[PDB]
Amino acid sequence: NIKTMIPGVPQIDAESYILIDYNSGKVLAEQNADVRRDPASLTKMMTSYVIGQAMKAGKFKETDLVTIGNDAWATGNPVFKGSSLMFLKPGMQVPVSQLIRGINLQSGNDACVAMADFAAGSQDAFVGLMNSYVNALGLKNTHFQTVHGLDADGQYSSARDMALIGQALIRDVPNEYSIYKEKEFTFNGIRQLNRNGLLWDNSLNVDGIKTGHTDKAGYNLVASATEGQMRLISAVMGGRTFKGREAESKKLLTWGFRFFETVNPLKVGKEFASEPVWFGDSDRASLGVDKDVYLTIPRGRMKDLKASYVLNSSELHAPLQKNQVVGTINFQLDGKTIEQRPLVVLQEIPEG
C-alpha cells in the first residue's frame, strides 16, 4: 500500500499549470495545461531562445555593440507605456551582454526590439524565427506576433508549451539559460533586480526562468529548480498575486522532489542486450538505445525497476545499420511496464 501509493496533487491557486521532469519529459502534474492563454512577458522566453540560438551559431558575441534605432527608443513609442524598459535612446551603443540582461532579467521591451533588429534585421523577420521554433519544438498551442508580447492581440501560449520552451532553453542554449539566475545587473548607473523572487528562497535551488503579469494573463511564472542533477520545470499561468505565483510554484516543485526521482538506467552506446545475426561480418549484434534514457519514478523505487525487451523480427539479418530499430525495451515496476524505449543496433554490421 505504501510502496505502490500514488501521491495526491496539491491544490494550486491558478488557472492552469504543469510540472515536468526536464530530463525524462514526464508530466508529474497538470491542470488545463493546453488551454490557450495570454503569455504576458513569458513571450520573452522565446525571444531569448532565438537570440541564444543565434549566439550559439556564432552570429554575434556578447561584447558586440548594438546601435539603438528609433524603434527601440523607449520614450518615443507610447506602445511601451506602463511596461518594463531600459530607457534606450537612439544612437546609444550598448553591448549585447547588457541588452540580453535587459530582456532576461528586466523584461525590457525596448531591449527586445533592439536585439530583434540586430539579430534578424527587422521585428517581423525575428517573429518569423520565433514561430519557426514554435514549429520545430512541436508546440501545438503557441503563436507569437511581436518580439516582446506587447501589442499582440493574436498571440497565445499554454502552460505545457511554456514549460517546453523552458526545457528547450535549458537544453539547447545553456549559455543563454545561465543568465536567468542572476539576481541583478547595472544599466546606466541604475541597478536592476530579478522579478523571480524564488531565486532568494534558500529552501530550493531555483535558477530560472521567467515571470509575467497583465490583467488578462494574471500572474505567470515558469520556474526551474534542481536537487542534485534532478531538474523540474513548473509553469503556472493565471496565478492570483505576485506572492501567490511564487508560493504556488514552490508547492509544485517541492511536491515533485518529495515524491519523484529521475533515474538514468541506460546511456547511448551502452550494450543492453545482444542477439545472433545472420549473413554478417560479425556473429552478434550489440543492442541498446540511440538517446540516453531518463525515467521519472516514485522516489525510493530505483531498487524495484526491472527492464526486459522484445524483438520486432524472429531473426536479425545483416546488413544492420547503426541505430536501426529492432525491438523495444520495457521498463517495469510492480510487474507493469511504465516506460518503453526503442531498442537499436549500436554498431553497423555489414554483410560478411
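All residue numbers refer to positions in the sequence shown, first residue = 1. Whichever C-alpha set is largest while still superposing within 1.5 Å between the two forms counts as the rigid core.
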| property | result |
| --- | --- |
| Stretch with larger C-alpha RMS deviation in 5 other deposited structures of this protein, core superposed, 289 to 297 versus 312 to 320 | 312 to 320 |
| Between 259 to 267 and 148 to 156, larger RMS Cα displacement in 5 other deposited structures of this protein after core fit | 148 to 156 |
| Mean C-alpha temperature factor, higher of 274 to 282 and 165 to 173 | 274 to 282 |
| Residue stretch of maximal mean CA temperature factor, 291 to 299 vs 43 to 51 | 291 to 299 |
| Selection by C-alpha B-factor (highest) of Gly138, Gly197, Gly121, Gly256 | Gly197 |
| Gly108, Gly239, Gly149, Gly208, ranked by C-alpha B-factor: the highest one | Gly239 |
| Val310 - Cα temperature factor, lowest/middle/highest third of chain | lowest |
| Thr337 by Cα B-factor - lowest, middle or highest third of the modelled chain | highest |
| Record-listed C-alpha B factor of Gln229: chain third | highest |
| CA B-factor placement of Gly91, once the chain's modelled residues are sorted into thirds | highest |
| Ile190 - which third its CA temperature factor falls in, relative to the rest of the chain | highest |
